[PDB]
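Visitor: Contents are PDB, N, CA and C atoms; file name query-v2.pdb:
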```pdb
ATOM      1  N   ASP L  59     -62.305 -57.724 -41.466  1.00  0.00           N
ATOM      2  CA  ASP L  59     -60.989 -57.934 -40.801  1.00  0.00           C
ATOM      3  C   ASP L  59     -60.209 -56.624 -40.794  1.00  0.00           C
ATOM      4  N   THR L  60     -60.700 -55.645 -41.550  1.00  0.00           N
ATOM      5  CA  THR L  60     -60.047 -54.344 -41.624  1.00  0.00           C
ATOM      6  C   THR L  60     -60.490 -53.464 -40.462  1.00  0.00           C
ATOM      7  N   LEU L  61     -61.552 -53.882 -39.780  1.00  0.00           N
ATOM      8  CA  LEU L  61     -62.054 -53.117 -38.646  1.00  0.00           C
ATOM      9  C   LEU L  61     -61.002 -53.088 -37.545  1.00  0.00           C
ATOM     10  N   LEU L  62     -60.360 -54.228 -37.316  1.00  0.00           N
ATOM     11  CA  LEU L  62     -59.319 -54.305 -36.301  1.00  0.00           C
ATOM     12  C   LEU L  62     -58.151 -53.421 -36.704  1.00  0.00           C
ATOM     13  N   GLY L  63     -57.778 -53.500 -37.978  1.00  0.00           N
ATOM     14  CA  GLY L  63     -56.683 -52.693 -38.482  1.00  0.00           C
ATOM     15  C   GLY L  63     -57.021 -51.233 -38.268  1.00  0.00           C
ATOM     16  N   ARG L  64     -58.319 -50.949 -38.222  1.00  0.00           N
ATOM     17  CA  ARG L  64     -58.780 -49.590 -38.000  1.00  0.00           C
ATOM     18  C   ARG L  64     -58.647 -49.234 -36.518  1.00  0.00           C
ATOM     19  N   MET L  65     -57.642 -49.818 -35.866  1.00  0.00           N
ATOM     20  CA  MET L  65     -57.405 -49.562 -34.445  1.00  0.00           C
ATOM     21  C   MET L  65     -55.927 -49.754 -34.111  1.00  0.00           C
ATOM     22  N   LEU L  66     -55.346 -50.845 -34.608  1.00  0.00           N
ATOM     23  CA  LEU L  66     -53.927 -51.135 -34.383  1.00  0.00           C
ATOM     24  C   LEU L  66     -53.259 -51.478 -35.708  1.00  0.00           C
ATOM     25  N   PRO L  67     -53.266 -50.559 -36.639  1.00  0.00           N
ATOM     26  CA  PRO L  67     -52.650 -50.771 -37.979  1.00  0.00           C
ATOM     27  C   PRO L  67     -51.126 -50.746 -37.916  1.00  0.00           C
ATOM     28  N   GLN L  68     -50.594 -50.088 -36.888  1.00  0.00           N
ATOM     29  CA  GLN L  68     -49.146 -49.987 -36.707  1.00  0.00           C
ATOM     30  C   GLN L  68     -48.696 -50.887 -35.566  1.00  0.00           C
ATOM     31  N   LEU L  69     -49.252 -52.090 -35.526  1.00  0.00           N
ATOM     32  CA  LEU L  69     -48.904 -53.046 -34.487  1.00  0.00           C
ATOM     33  C   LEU L  69     -49.475 -54.421 -34.818  1.00  0.00           C
ATOM     34  N   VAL L  70     -50.793 -54.569 -34.758  1.00  0.00           N
ATOM     35  CA  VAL L  70     -51.390 -55.859 -35.077  1.00  0.00           C
ATOM     36  C   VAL L  70     -51.142 -56.199 -36.540  1.00  0.00           C
ATOM     37  N   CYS L  71     -51.460 -55.250 -37.409  1.00  0.00           N
ATOM     38  CA  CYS L  71     -51.260 -55.431 -38.833  1.00  0.00           C
ATOM     39  C   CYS L  71     -49.775 -55.497 -39.143  1.00  0.00           C
ATOM     40  N   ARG L  72     -48.999 -54.674 -38.446  1.00  0.00           N
ATOM     41  CA  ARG L  72     -47.565 -54.632 -38.680  1.00  0.00           C
ATOM     42  C   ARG L  72     -46.927 -55.997 -38.434  1.00  0.00           C
ATOM     43  N   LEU L  73     -47.232 -56.600 -37.293  1.00  0.00           N
ATOM     44  CA  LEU L  73     -46.679 -57.913 -36.973  1.00  0.00           C
ATOM     45  C   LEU L  73     -47.255 -58.970 -37.911  1.00  0.00           C
ATOM     46  N   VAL L  74     -48.556 -58.882 -38.152  1.00  0.00           N
ATOM     47  CA  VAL L  74     -49.234 -59.833 -39.022  1.00  0.00           C
ATOM     48  C   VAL L  74     -48.711 -59.756 -40.456  1.00  0.00           C
ATOM     49  N   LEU L  75     -48.599 -58.548 -40.997  1.00  0.00           N
ATOM     50  CA  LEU L  75     -48.108 -58.398 -42.361  1.00  0.00           C
ATOM     51  C   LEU L  75     -46.683 -58.913 -42.452  1.00  0.00           C
ATOM     52  N   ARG L  76     -45.875 -58.567 -41.458  1.00  0.00           N
ATOM     53  CA  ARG L  76     -44.496 -59.026 -41.423  1.00  0.00           C
ATOM     54  C   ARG L  76     -44.440 -60.542 -41.285  1.00  0.00           C
ATOM     55  N   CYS L  77     -45.336 -61.085 -40.468  1.00  0.00           N
ATOM     56  CA  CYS L  77     -45.387 -62.524 -40.248  1.00  0.00           C
ATOM     57  C   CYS L  77     -45.667 -63.258 -41.555  1.00  0.00           C
ATOM     58  N   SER L  78     -46.668 -62.785 -42.290  1.00  0.00           N
ATOM     59  CA  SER L  78     -47.028 -63.407 -43.561  1.00  0.00           C
ATOM     60  C   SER L  78     -45.860 -63.337 -44.539  1.00  0.00           C
ATOM     61  N   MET L  79     -45.212 -62.175 -44.600  1.00  0.00           N
ATOM     62  CA  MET L  79     -44.076 -61.983 -45.499  1.00  0.00           C
ATOM     63  C   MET L  79     -43.131 -60.924 -44.939  1.00  0.00           C
ATOM     64  N   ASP L  80     -41.830 -61.179 -45.053  1.00  0.00           N
ATOM     65  CA  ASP L  80     -40.824 -60.241 -44.555  1.00  0.00           C
ATOM     66  C   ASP L  80     -40.452 -59.231 -45.634  1.00  0.00           C
TER
END
```
Represent the supplied structure as structure tokens.

Guide:
Amino acid sequence: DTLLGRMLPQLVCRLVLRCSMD
């Protein structure tokens, strides 16, 4: 699941991480 982050870490992960916890 880190492979995707290895492309959009400042967007997909950003929204996802924020979504899970603010």

Visitor: By how many Å are atom CA of residue L:80 and atom CA of residue L:64 apart?

Guide: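 Result for atom CA of residue L:80 versus atom CA of residue L:64: 21.9 Å, one decimal.
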
Visitor: Take atom N of residue L:75 and atom C of residue L:61 and report the distance between them in Å, one decimal.

Guide: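 If I compute the distance from atom N of residue L:75 to atom C of residue L:61, I get 14.0 Å.
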
Visitor: Quick one, how far is atom C of residue L:77 from atom N of residue L:59?

Guide: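 That distance, rounded to one decimal, is 17.5 Å.
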
Visitor: Please define a box with edges along x, y and z of the file around all atoms of stretch 65-79 of chain L given in the file, extend it by 5 Å on each side, and return its centre and edge lengths in Å to one decimal, as lines of an AutoDock Vina configuration file.

Guide:
```
center_x = -50.4
center_y = -56.5
center_z = -39.8
size_x = 24.5
size_y = 23.8
size_z = 21.4
```

Visitor: Could you write out, as a list in words, all the residues of chain L that DSSP marks as alpha helix (DSSP H)?

Guide: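 Alpha helix (DSSP H) members of chain L, listed: residues 60, 61, 62, 63, 70, 71, 72, 73, 74, 75, 76, 77 and 78 of chain L.
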
Visitor: Write out, as a CSV table (one decimal), keeping the file's coordinate frame, the residues just selected, with N, CA and C atoms.

Guide:
```
chain,number,residue,atom,x,y,z
L,60,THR,N,-60.7,-55.6,-41.6
L,60,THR,CA,-60.0,-54.3,-41.6
L,60,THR,C,-60.5,-53.5,-40.5
L,61,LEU,N,-61.6,-53.9,-39.8
L,61,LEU,CA,-62.1,-53.1,-38.6
L,61,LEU,C,-61.0,-53.1,-37.5
L,62,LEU,N,-60.4,-54.2,-37.3
L,62,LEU,CA,-59.3,-54.3,-36.3
L,62,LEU,C,-58.2,-53.4,-36.7
L,63,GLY,N,-57.8,-53.5,-38.0
L,63,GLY,CA,-56.7,-52.7,-38.5
L,63,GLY,C,-57.0,-51.2,-38.3
L,70,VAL,N,-50.8,-54.6,-34.8
L,70,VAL,CA,-51.4,-55.9,-35.1
L,70,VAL,C,-51.1,-56.2,-36.5
L,71,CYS,N,-51.5,-55.2,-37.4
L,71,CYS,CA,-51.3,-55.4,-38.8
L,71,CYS,C,-49.8,-55.5,-39.1
L,72,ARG,N,-49.0,-54.7,-38.4
L,72,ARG,CA,-47.6,-54.6,-38.7
L,72,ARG,C,-46.9,-56.0,-38.4
L,73,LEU,N,-47.2,-56.6,-37.3
L,73,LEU,CA,-46.7,-57.9,-37.0
L,73,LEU,C,-47.3,-59.0,-37.9
L,74,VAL,N,-48.6,-58.9,-38.2
L,74,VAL,CA,-49.2,-59.8,-39.0
L,74,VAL,C,-48.7,-59.8,-40.5
L,75,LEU,N,-48.6,-58.5,-41.0
L,75,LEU,CA,-48.1,-58.4,-42.4
L,75,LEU,C,-46.7,-58.9,-42.5
L,76,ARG,N,-45.9,-58.6,-41.5
L,76,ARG,CA,-44.5,-59.0,-41.4
L,76,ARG,C,-44.4,-60.5,-41.3
L,77,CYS,N,-45.3,-61.1,-40.5
L,77,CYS,CA,-45.4,-62.5,-40.2
L,77,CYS,C,-45.7,-63.3,-41.6
L,78,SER,N,-46.7,-62.8,-42.3
L,78,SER,CA,-47.0,-63.4,-43.6
L,78,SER,C,-45.9,-63.3,-44.5
```
